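Enquirer: Here it is: the structure, laid out below.
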Amino acid sequence: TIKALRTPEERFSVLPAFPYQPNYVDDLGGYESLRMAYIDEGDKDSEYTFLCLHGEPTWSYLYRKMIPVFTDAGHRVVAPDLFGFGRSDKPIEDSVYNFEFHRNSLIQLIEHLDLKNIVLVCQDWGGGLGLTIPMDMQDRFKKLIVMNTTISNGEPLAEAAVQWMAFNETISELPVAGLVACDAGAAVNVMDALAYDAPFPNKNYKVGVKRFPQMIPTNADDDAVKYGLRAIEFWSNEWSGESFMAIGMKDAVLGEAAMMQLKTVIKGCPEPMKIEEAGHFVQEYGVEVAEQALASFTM
Amino acid sequence: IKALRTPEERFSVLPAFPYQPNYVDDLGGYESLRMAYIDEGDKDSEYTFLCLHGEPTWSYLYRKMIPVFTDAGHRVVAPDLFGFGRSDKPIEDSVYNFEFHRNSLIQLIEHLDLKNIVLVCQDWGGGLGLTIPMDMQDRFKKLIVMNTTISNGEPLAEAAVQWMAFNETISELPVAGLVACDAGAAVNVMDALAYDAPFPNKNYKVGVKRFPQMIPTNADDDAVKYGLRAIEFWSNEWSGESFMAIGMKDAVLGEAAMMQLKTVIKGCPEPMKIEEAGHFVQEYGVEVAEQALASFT
Amino acid sequence: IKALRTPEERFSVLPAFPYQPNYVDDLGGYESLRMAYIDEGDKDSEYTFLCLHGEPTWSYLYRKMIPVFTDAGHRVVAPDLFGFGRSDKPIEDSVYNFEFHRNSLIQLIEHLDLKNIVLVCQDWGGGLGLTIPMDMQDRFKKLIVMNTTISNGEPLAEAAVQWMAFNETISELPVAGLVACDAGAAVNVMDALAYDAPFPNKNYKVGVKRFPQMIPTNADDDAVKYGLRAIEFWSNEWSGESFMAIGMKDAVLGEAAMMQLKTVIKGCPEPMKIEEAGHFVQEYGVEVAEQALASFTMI
Amino acid sequence: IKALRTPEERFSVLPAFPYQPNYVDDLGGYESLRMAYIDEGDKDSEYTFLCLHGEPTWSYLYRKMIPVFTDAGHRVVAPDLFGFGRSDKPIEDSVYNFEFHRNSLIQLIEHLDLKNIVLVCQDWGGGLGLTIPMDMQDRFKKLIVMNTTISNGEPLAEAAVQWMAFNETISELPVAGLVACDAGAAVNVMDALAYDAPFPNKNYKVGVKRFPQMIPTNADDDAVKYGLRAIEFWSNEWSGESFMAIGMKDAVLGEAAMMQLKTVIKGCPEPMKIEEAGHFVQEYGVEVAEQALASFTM
Ligand SMILES: [Cl-]
Ligand SMILES: [Cl-]
Ligand SMILES: [Cl-]
Ligand SMILES: [Cl-]
Ligand SMILES: [Cl-]
Ligand SMILES: [Cl-]
């Protein structure tokens, strides 16, 4: 009963670099009839499942270069499109989108597919949300691949983050393909730009895109920080898995400085892979990340 | 003419393009269709740089070049074609064609009574604009030409055919995406905002859709009829100064196309070849405007 | 012939080019001048990819292409021209000329009795190499061609004249600098080390100095005499398959020069145009090797 | 001091750096070792921008910044360190060390009697230069800092250790190659020529070889002794204005290392973060010089 738009299917008819048939779930508890799209590739009896979480303003298409590396190695991959993104349904009311709304959708998806032996792969809000999940499902998660992201700790926001919020407030709507192409350079072509704009025929479809910047916590009393501080405890003290970090250096907000701070709270995190040519959207340079992660790991 | 006007709020964040736009809505034949244009520098300047955009851009594309020209004491006129920028946008596909666009520019030129014109063009800016001086010879003095072509009715290159099929298969062209993909580090997200600004949705993009369809496949197309006469004009009648800048990272209208063009422009000096620039040469255009001016008398 | 041999210690750090070099020091006419060449793949392979470098490179330039060819079951031969790479380096200016280089390659071909050759060339690799098949038509089956030209005697374009004057004004050409400037992110500092490795000082660079001087300024030059015959061969006699890849960021031998070249190669398909590649196309050469092979009927 | 002088013909093609060099060869302690330096702008300018290069560069690195400073009515002094640029080049390994370099700069400063100094530094330029104001407090007014660090004795990051082992294992460092790899499109072949110009062969590169060897691995090192006293100075005694520009494409002294540095510079505003710039920030330095000047009260 949540008012939402479904992106017309013709928007997805030209996706040559992402040739997976999407799967759908529309009975997640609390979200009844809101349909979540997700990629599911590799053998269901694979030992390990790579759960690949996107953020703002992307979808599972972002993971198109990483997915084949994981499936070539004999693993399963699950890459959902968050509500408001990709091929998932898109609520049209501002207030529906929040930290809890997104986090719980992922928790429900995980329990719906009964995912186990999970390698969490995350970036941006993918990590902001996703890194807060294993603490409440410890037996499901075994390893972590982390890219440009952060866990909210409630500290005053850096100028770059504040500027980002004010930008998204002032503009008519965010140019989604524009933003990604500006970040990724030669790693994104016009076919990719088409794919990134595909979910959003107009601004009525971009309420989730509008809401993510507004959701960045400005005080310690936000859900993002409440969950965040518990997660930091989990990765520092409870976590006993293997991790791998890849940093896109051309990121003024969640680049090297923010990632190294994050590394300090992930117990066992080895030396990060630092990709000088990569921006915030690390997965556009993600073949070598997926290869090196796998080589580093004991599968 | 049935058309949409882009809401003004779309243009409220343009820090790199701080000109107040001018408007004309009584061009002969286009009555009530409002054309937006930049007009900067002293009206009594010796020379006027007439800067013509193509697909899928607007006068914003010239924002780096304009200050170079005005700093040197000249006037600049940079119109937004109908279907683009802040101009009105016809909603019927048949309204857009080679004559529709060419005549709009001819009318604008006569309306402002532009004289001592330095034609600056690229893409359809040139496809159209390079066909104009032959029919108004005394108004044009010099030429700055960037990645463009004059239609000659020859077989289409494979890249151009692929471009047409792309635009016919997709839902709509990702405007900011395309420019950002082409121009790399020369374009930021504020620029992407500007390029997407004219087009709240695909109903505003009928002109953007039509440009690729207009690429001529028949020697009886107006583009080629005008085109062949233009080639004669630049080769035999033109007596002005010219300067060419080539964005090398262009698979359709790059070096090969530009060198062929140079052969038909009498007096055209050695081109400036910008290895880092793509099709949208004006995003690398400060040094083009500087070198053009230094080369010119 | 008086020459210098680059000290072996210069080549001790080449992790991206882990082939043991072969040597030949009794090529007819070049007695005791030792030519280095890579030779990889089964000797009885159907086809041999003969990969010719130009100014101021060596077989290292082909390091990304070689594994693609050998992983498809073919043999690869990549010589270092005299004055370059691991080959011996004549110290007298006059020894280097079009005939000197061309004949060394002809002698190497006969010495190894190479047959079923796929000619891979660029720069002087092509300027020289594209003139060889007309005098050994039975040996050559296919062609992979990148930013190069065949001399026709026409007045030189301004860029080429500027290149000759710049070479003749400077103390010496900065070898690694030039390649790194051209190839961008496709070359790292380990690659720069490899490109500087042949040349401890300018006494080793007489061949490097001579190549720009050899660009023909009169139609009686050997480059043009052989050149015009070659043009006839590719346009009327040649009956093989070809594939052309153009590095677009090349102000001298880019798109315009390569399209002119295409007109004289009978059967040459639509070129692969690489927007991110410069003159040194082989630094972007994985995809060139892959696509060449896919385009070819390798039987 | 046994040294080589780069033959003058090496510098005959420098169209992007058309300043006539000045020389001093009687710096106290340095025998007749001749140091080259650029000195532009009016000699009586209020402020002098002292622009310090590091490994493996010279004053040429500052060619894009110098005109911005001189256009604004200021003086610029940009020395070539001994072993670099047009300066003389000791041929013995042990002559190069932290003290050797630091004292050369102190002597140059006292020789020209430089006064209202804006310290501009990067790499060893900062490693050395940032340790000088604490012993000449009255002569320094402001700071422009780019990808650099002050030695604190803490464990080396893996990338730094790898950098040292690289320089040990190779025949010699490809100087133009390294700079071109870092700066990309901001450097052309004419620039590559300028960067290789000081070094006809490895005999001229002893200072280039020695800088990586000089990186301190633990707290027992002159770099760190000076370093820890400098950190105190910038944190507690410094009262001037500062401006930081970070080249983000730097795996060693990029955003993480620069933000750590910012914490010890009292009054250091938000850094300018240049996504396209590498370690050699000055190759992207026009906008750094412009924004520094706009940020400053002079
Ligand atoms: Cl719907
Ligand atoms: Cl949808
Ligand atoms: Cl966000
Ligand atoms: Cl078009
Ligand atoms: Cl040459
Ligand atoms: Cl160092």
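Chain labels follow the order of the structure tokens: the first chain is A, the next B, and so on; residue numbering restarts at 1 in every chain, and ligands are counted from 1 in their shown order.
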List as a list in words the protein and nucleic acid residues lying within 9 Å of ligand 2, with only C-alpha atoms and all ligand atoms counted.
Expert: residues 5, 6, 7, 8, 9, 35, 36, 37, 83, 84, 85, 86, 87, 88, 89, 90, 199, 200 and 205 of chain A
Enquirer: Could you tell me, counting only C-alpha atoms and all ligand atoms, which protein and nucleic acid residues lie no more than 6 Å from ligand 6, written as a list in words?
Expert: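 The neighbouring residues of ligand 6 are, in order, residues 55, 211 and 212 of chain D.
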Enquirer: Please write the residues from the selection above to a file, keeping C-alpha atoms, as a compact mmCIF listing (two decimals), in the first residue's frame.
Expert:
# COMPACT_ATOMS: atom_id res chain seq x y z
CA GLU D 55 62.76 14.27 -4.61
CA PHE D 211 66.65 10.86 -0.53
CA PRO D 212 64.74 7.53 -0.33
Enquirer: Based on the backbone DSSP call, show me all residues of range 158-209 of chain A assigned helix (DSSP H, G or I), as an MDAnalysis selection string.
Expert: chainID A and resid 159:170 176:187 190:197 203:205 207:209
Enquirer: Pick from D:188, D:103, D:291, D:147: nearest to chain B, with only C-alpha atoms counted?
Expert: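 Nearest to chain B: D:188.
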Enquirer: Let me have all residues with an atom within 9 Å of ligand 4, counting only C-alpha atoms and all ligand atoms, laid out as a PyMOL selection string.
Expert: chain B and resi 54-56+123-124+160+163-164+167+208-215
Enquirer: Could you write out the selected residues, including C-alpha atoms, as a short mmCIF file (atom, residue, chain, number, x, y, z; two decimals), in the first residue's frame?
Expert:
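Produced file result-v2.cif, reproduced below:
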data_model
loop_
_atom_site.label_atom_id
_atom_site.label_comp_id
_atom_site.auth_asym_id
_atom_site.auth_seq_id
_atom_site.Cartn_x
_atom_site.Cartn_y
_atom_site.Cartn_z
CA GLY B 54 25.02 21.44 -31.74
CA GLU B 55 23.73 18.13 -30.30
CA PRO B 56 22.81 17.89 -27.33
CA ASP B 123 28.93 19.60 -34.46
CA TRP B 124 25.53 20.73 -36.03
CA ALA B 160 27.89 7.74 -37.71
CA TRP B 163 25.35 6.73 -33.61
CA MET B 164 22.04 6.98 -35.47
CA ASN B 167 19.68 7.11 -30.70
CA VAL B 208 17.65 16.08 -29.19
CA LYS B 209 16.02 12.98 -30.76
CA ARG B 210 15.81 14.60 -34.16
CA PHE B 211 19.42 15.68 -34.63
CA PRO B 212 20.82 12.14 -35.05
CA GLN B 213 17.91 11.35 -37.45
CA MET B 214 18.85 14.43 -39.54
CA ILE B 215 22.31 13.07 -40.44
#
Enquirer: What residues of the protein or nucleic acid chains come within 10 Å of ligand 3 when you use only C-alpha atoms and all ligand atoms? Reply as a PyMOL selection string.
Expert: chain A and resi 55-57+124-125+161+164-165+168+209-216
Enquirer: Counting only C-alpha atoms, collect the residues of chain B whose closest atom lies at most 6 Å from chain C, and write them out as a ChimeraX atom specification.
Expert: /B:248-249,255-256,275
Enquirer: How about saving the chosen residues, N, CA and C atoms kept, as a PDB file, in the first residue's frame?
Expert:
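That gives us again-v7.pdb:
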ATOM      1  N   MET B 248      40.984  15.352 -30.436  1.00  0.00           N
ATOM      2  CA  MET B 248      41.452  14.114 -31.011  1.00  0.00           C
ATOM      3  C   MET B 248      40.701  12.833 -30.584  1.00  0.00           C
ATOM      4  N   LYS B 249      40.119  12.873 -29.382  1.00  0.00           N
ATOM      5  CA  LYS B 249      39.379  11.756 -28.820  1.00  0.00           C
ATOM      6  C   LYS B 249      37.938  11.770 -29.373  1.00  0.00           C
ATOM      7  N   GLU B 255      40.191  13.972 -36.013  1.00  0.00           N
ATOM      8  CA  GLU B 255      41.244  14.289 -36.980  1.00  0.00           C
ATOM      9  C   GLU B 255      40.960  14.018 -38.461  1.00  0.00           C
ATOM     10  N   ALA B 256      40.524  12.805 -38.779  1.00  0.00           N
ATOM     11  CA  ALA B 256      40.284  12.413 -40.174  1.00  0.00           C
ATOM     12  C   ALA B 256      39.268  13.288 -40.850  1.00  0.00           C
ATOM     13  N   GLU B 275      45.117  16.639 -27.817  1.00  0.00           N
ATOM     14  CA  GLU B 275      45.090  15.220 -27.537  1.00  0.00           C
ATOM     15  C   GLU B 275      44.086  14.809 -26.445  1.00  0.00           C
TER      16      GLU B 275
END
Enquirer: Using only C-alpha atoms, determine which residues lie at most 10 Å from residue 150 in chain A, disregarding the query and same-chain residues fewer than 4 positions distant; provide the list as a PDB file with C-alpha atoms, in the first residue's frame.
Expert:
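Result file out_34.pdb:
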ATOM      1  CA  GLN A 123      30.451   0.908  -0.660  1.00  0.00           C
ATOM      2  CA  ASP A 124      28.804   4.311   0.048  1.00  0.00           C
ATOM      3  CA  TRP A 125      25.379   3.791   1.859  1.00  0.00           C
ATOM      4  CA  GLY A 126      25.817   0.128   0.935  1.00  0.00           C
ATOM      5  CA  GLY A 127      28.382   0.140   3.731  1.00  0.00           C
ATOM      6  CA  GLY A 128      26.680   2.802   5.912  1.00  0.00           C
ATOM      7  CA  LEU A 129      23.690   0.458   6.062  1.00  0.00           C
ATOM      8  CA  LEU A 131      28.176  -2.725   7.859  1.00  0.00           C
ATOM      9  CA  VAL A 146      34.901  -2.837   1.750  1.00  0.00           C
ATOM     10  CA  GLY A 228      26.737   2.883  13.678  1.00  0.00           C
ATOM     11  CA  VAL A 253      34.652  12.736   0.915  1.00  0.00           C
ATOM     12  CA  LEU A 254      35.119   8.965   1.534  1.00  0.00           C
ATOM     13  CA  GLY A 255      38.654   8.492   0.164  1.00  0.00           C
ATOM     14  CA  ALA A 258      38.103   8.217   5.815  1.00  0.00           C
ATOM     15  CA  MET A 259      38.946   4.649   4.728  1.00  0.00           C
ATOM     16  CA  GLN A 261      40.052   5.611   9.931  1.00  0.00           C
ATOM     17  CA  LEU A 262      37.579   2.864   9.106  1.00  0.00           C
ATOM     18  CA  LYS A 263      40.351   0.277   8.830  1.00  0.00           C
TER      19      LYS A 263
END
Enquirer: Around ligand 5, out to 12 Å and counting only C-alpha atoms and all ligand atoms, which residues are there? I want them as an MDAnalysis selection string.
Expert: chainID C and resid 53:57 97:98 122:128 148:149 159:168 173 175 178 207:216 252:253 279
Enquirer: In Å, how far is it from CA of residue 72 in chain A to CA of residue 148 in chain A?
Expert: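 Atom-to-atom, CA of residue 72 in chain A and CA of residue 148 in chain A are spaced 24.7 Å apart.
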Enquirer: What's the 10 Å shell around residue 170 in chain B, counting only C-alpha atoms, without same-chain residues fewer than 2 positions away, as an NGL selection string?
Expert: (:A and (10-14 or 191 or 194 or 198)) or (:B and (165-168 or 172-174))
Enquirer: Using only C-alpha atoms, which residues sit within 9 Å of residue 251 in chain A once same-chain residues fewer than 2 positions away are excluded, as a PyMOL selection string?
Expert: (chain A and resi 148+183+247-249+253-256+278-281) or (chain D and resi 248+273+275)
Enquirer: Write the residues you've just listed into a file as an mmCIF file, in the first residue's frame, and include C-alpha atoms for each of them.
Expert:
data_model
loop_
_atom_site.group_PDB
_atom_site.id
_atom_site.type_symbol
_atom_site.label_atom_id
_atom_site.label_comp_id
_atom_site.auth_asym_id
_atom_site.auth_seq_id
_atom_site.Cartn_x
_atom_site.Cartn_y
_atom_site.Cartn_z
ATOM 1 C CA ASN A 148 34.770 3.879 -0.210
ATOM 2 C CA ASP A 183 33.660 10.286 -10.890
ATOM 3 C CA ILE A 247 40.264 2.596 -1.771
ATOM 4 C CA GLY A 248 39.344 4.881 -4.688
ATOM 5 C CA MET A 249 41.804 7.679 -4.155
ATOM 6 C CA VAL A 253 34.652 12.736 0.915
ATOM 7 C CA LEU A 254 35.119 8.965 1.534
ATOM 8 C CA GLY A 255 38.654 8.492 0.164
ATOM 9 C CA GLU A 256 41.964 7.542 1.766
ATOM 10 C CA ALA A 278 39.518 5.156 -9.118
ATOM 11 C CA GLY A 279 36.991 7.580 -7.653
ATOM 12 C CA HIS A 280 34.193 7.103 -5.097
ATOM 13 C CA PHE A 281 32.615 4.423 -7.323
ATOM 14 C CA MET D 248 44.723 12.898 -4.040
ATOM 15 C CA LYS D 273 41.626 18.458 -2.362
ATOM 16 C CA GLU D 275 41.282 14.776 -7.371
#
Enquirer: Near residue 52 in chain C, counting only C-alpha atoms, which residues have an atom at most 12 Å away, once you skip same-chain residues fewer than 4 positions from it, shown as JSON, numbers by chain?
Expert: {"C": [37, 38, 57, 58, 59, 60, 61, 62, 65, 66, 76, 77, 78, 79, 80, 81, 84, 101, 102, 104, 105, 108, 109, 118, 119, 120, 121, 122, 123, 124, 125, 126, 127, 128, 129, 130, 132, 143, 144, 145, 146, 148, 282]}
